[PDB]
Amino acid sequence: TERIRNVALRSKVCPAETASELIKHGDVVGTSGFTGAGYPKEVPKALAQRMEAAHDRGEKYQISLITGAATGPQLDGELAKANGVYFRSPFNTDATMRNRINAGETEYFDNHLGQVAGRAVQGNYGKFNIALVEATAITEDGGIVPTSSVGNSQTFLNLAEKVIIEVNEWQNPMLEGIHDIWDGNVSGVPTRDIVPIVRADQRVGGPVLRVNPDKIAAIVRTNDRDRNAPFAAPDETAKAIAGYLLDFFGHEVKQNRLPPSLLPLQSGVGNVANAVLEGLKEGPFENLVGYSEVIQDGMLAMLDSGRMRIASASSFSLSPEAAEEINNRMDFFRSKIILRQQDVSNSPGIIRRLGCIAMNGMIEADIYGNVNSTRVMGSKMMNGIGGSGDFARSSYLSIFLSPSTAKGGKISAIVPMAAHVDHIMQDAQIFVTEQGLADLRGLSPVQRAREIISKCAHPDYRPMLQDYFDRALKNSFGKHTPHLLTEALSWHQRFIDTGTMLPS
């Protein structure tokens, strides 16, 4: 039917290809989109084609692309294939864009997701020329109904000179009412407002994004799917990880250090975090509440089993098949989900107030429990820090989860020294691998090392880590956090040189 319920605005409809012409070379473009959900699809595809042609003619044509978080093939993919992004922030999962970044062809900075709005308002990315936002519908009074995500859309709408809306009939109209958009000052000029959230299920705003209709330069009708990668069905490794964490949660409850309903849960992006939620869907903890950035398949499964009552997040980040399931049952899930601005879902003040439990994956940790979430070998970007820092530092408990090895055992996820740090020791209390769980609360670095090495390291690597740690204890410059700088990054170099961290 007609998703644009506002009669007057219907006069601004033009084809995706034409709307794309509003976007000029050098422009700073703010888009909707929060990891496989709610990003604009058709105007980028059309812009990507117009860029390729322009380059071939010798015309410069690149934008700065600021988003909520990751997008999808239609946006990051198309624009990277076309070589059309000179600067990208804050988060990406597209293979082609990742290649541009790691080749030095697209400049990239992975800001903390909860801070992006505030930094944009400050002017850190420059002046916003375009806001490109996907919508479920436009209301009679001109409200823009968001889709599978909120992200930074409200901020970009405020900041941008010109606005382009994509109304996507693929998105289930029962999405209207799911979002909560606050009109208060979260990320504007100080002093900011108090955000009155005191419970994860509390709504404090309205269902629509607000914009001056005068700034709307184009409206695009679309019917295209959010495209995310499916999740790995939990294997023996992921199930073991989930088993250790559930045991830990149970022990906390028995010792009265957690409620039996736990505390508001944040679950990070990726396969491992997701696998933990599949364990929780049939766990002994009832009346659970999510206060997360994303609701992945596993979180939807907790709402389905009823083990979780409600989930706050900024987006759905579902597999192609999970996205079908929620669509066919939108009436059920609608009342169990609240989608918020990402500067609210990822507000450290709110996270700490609620006492969230943070669960995040990781590339690697060193023996002292510093965590790399991003840069393989210290230099090659994977996805980005995302909101792992927003949550790890603000949480009641910060938990990191990973297989103890990677690349079929050729890499140890527990190393003498992390090649890049995203999360300092202070920001990580609990580590879980398929080998076991390290509880680091109240421990000095040397004490942390004993736990991590003994509980979490793979048997193939444990003796090597013990060997490093023992010689560091004897020979390190200082003994507070013992290191041998000649060897600290040698396992990484050994991998680069030989394809494996195992010695010859």
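When you see a residue number, it is the position in the sequence shown, counting from 1.
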Quiz prompt | Stretch exceeding the other in mean C-alpha B-factor - 156 to 164, 109 to 117 | solution = 156 to 164
Practice problem: Mind pulling up the entry and telling me whether 100 to 108 or 234 to 242 has the higher mean Cα temperature factor? | Solution: 234 to 242
Quiz prompt | Top Cα B factor in the deposited entry, candidates 354, 362, 432, 288 | solution = 288
Quiz item: Going by the entry, which of 265, 253, 186, 413 has the most elevated CA B factor?
Solution: 253
Quiz prompt | Position of residue 218 among the chain's modelled residues by C-alpha B-factor, lowest, middle or highest third | solution = highest
Self-check item: residue 270 CA temperature factor, ranked by third within the chain
Solution: middle
Practice problem: Would you mind checking where the Cα B-factor of residue 444 ranks among the modelled residues of its chain, as the lowest, middle or highest third? | Solution: lowest
Quiz item: Looking at the C-alpha B-factor of residue 64, is it in the lowest, middle or highest third of its chain?
Solution: middle
Self-check item: Third of the chain's Cα B-factor distribution that residue 387 belongs to, per the entry
Solution: lowest
